[PDB]
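Quick setup: one chain, the form deposited in one PDB entry, written in structure tokens, and binding and motion questions come after.
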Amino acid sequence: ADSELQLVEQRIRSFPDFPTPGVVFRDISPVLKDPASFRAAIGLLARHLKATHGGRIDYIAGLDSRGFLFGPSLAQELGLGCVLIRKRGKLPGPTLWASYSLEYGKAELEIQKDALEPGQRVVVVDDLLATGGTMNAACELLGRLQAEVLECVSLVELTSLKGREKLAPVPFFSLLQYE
């Protein structure tokens, strides 16, 4: 198109009635597919994070699974490492775990007990904030390792689901908002 924000915005594809009737799904797949829009997305998140924390971040925490598509590349742009927060069962060795609500049921996330040392400053990233279930669980786990969660970020936020309120006092930033 032209601007970087509109380049990202034109590449978020809408799918009505997926996964269930009445929902409007936001697919980030086109953002990844277009190298110019992927780099526009990473650069917007990076510039936000650099301006906001002045270089003083220790790690990005990428959220299983779609957050893994952004976390490493964001971290690398910022010159940082990326740690992983995963669905239960996926990581080897001693873990901490936290439950959250998933569709009609309950699920769990986990982090390795040595993923972070105390006092490390971390930004959580995922593609999309919907109910805020996994993101909230992520914050719980990081606090348990005595990490300082600076904020959570996503490319997209679905405001009608009120996942941002669920994260307070943890600050939250999104690039784009839809219902």
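All residue numbers are counted from 1 along the displayed sequence. Residues that one form lacks are left out of the comparison. In this text, the rigid core denotes the largest set of C-alpha atoms whose superposition between the two forms falls within 1.5 Å.
Enquirer: What about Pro92, left without coordinates in a third or more of the other entries of this protein that model its neighbours?
Expert: Other entries vs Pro92: none skip it.
Enquirer: Do at least a third of the other compared PDB entries leave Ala107 without coordinates?
Expert: Per the records, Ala107 is modelled in all the other entries.
Enquirer: Per the record, averaged over C-alpha atoms, which has the higher B-factor: 73-81 or 101-109?
Expert: Stretch with the greater average CA B-factor: 101-109.
Enquirer: Grab the CA temperature factor for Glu117 from the record and place it in the lowest, middle or highest third of its chain.
Expert: Its C-alpha B-factor belongs to the highest third of this chain's values.
Enquirer: Quick check for you: using the entry's CA B-factors within this chain, is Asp27 in the lowest, middle or highest third?
Expert: CA B-factor rank for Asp27: lowest third.
Enquirer: For the chain shown, is the CA B-factor of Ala138 in the lowest, middle or highest third of its modelled residues?
Expert: Highest third, going by the recorded CA B-factors of the chain.
Enquirer: Test of reading the entry: by CA B factor among the chain's modelled residues, which third contains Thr131?
Expert: According to the entry, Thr131 has a C-alpha B-factor in the chain's highest third.
Enquirer: Ranking the modelled residues of this chain by C-alpha B-factor as given in the entry, is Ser65 in the lowest, middle or highest third?
Expert: For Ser65, whose C-alpha B-factor we compare with every modelled residue in the chain, the answer is the highest third.
Below, we turn to the form solved in complex with a small molecule, even though it does not appear here.
Enquirer: Just one of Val149, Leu128, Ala115, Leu141 has a heavy atom within 4.5 Å of the small molecule in the bound PDB entry. Which one?
Expert: That would be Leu128.
Enquirer: Given that the small molecule is left out here, which of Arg121, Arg39, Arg26, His53 has a heavy atom within 4.5 Å of it in the bound PDB entry?
Expert: Of the candidates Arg121, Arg39, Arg26, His53, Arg26 is the one lying within 4.5 Å of the small molecule in the bound PDB entry.
Enquirer: Going by a heavy atom distance of 4.5 Å, is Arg66 a contact of the small molecule in the bound PDB entry?
Expert: Although the small molecule is absent here, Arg66 would touch it in the bound PDB entry, with heavy atoms inside 4.5 Å.
Enquirer: Only one of 40-48, 141-149, 128-136, 54-62 has heavy atoms within 4.5 Å of the small molecule in the bound PDB entry; I'd like to know which.
Expert: Careful reading of the contacts points to 128-136.
Enquirer: Once the core is lined up, would you list the consecutive runs of at least three residues whose Cα atoms each shift 2 Å or more between the shown form and the other one?
Expert: Three-plus residue runs displaced between the shown form and the other one: 16-24, 102-107.
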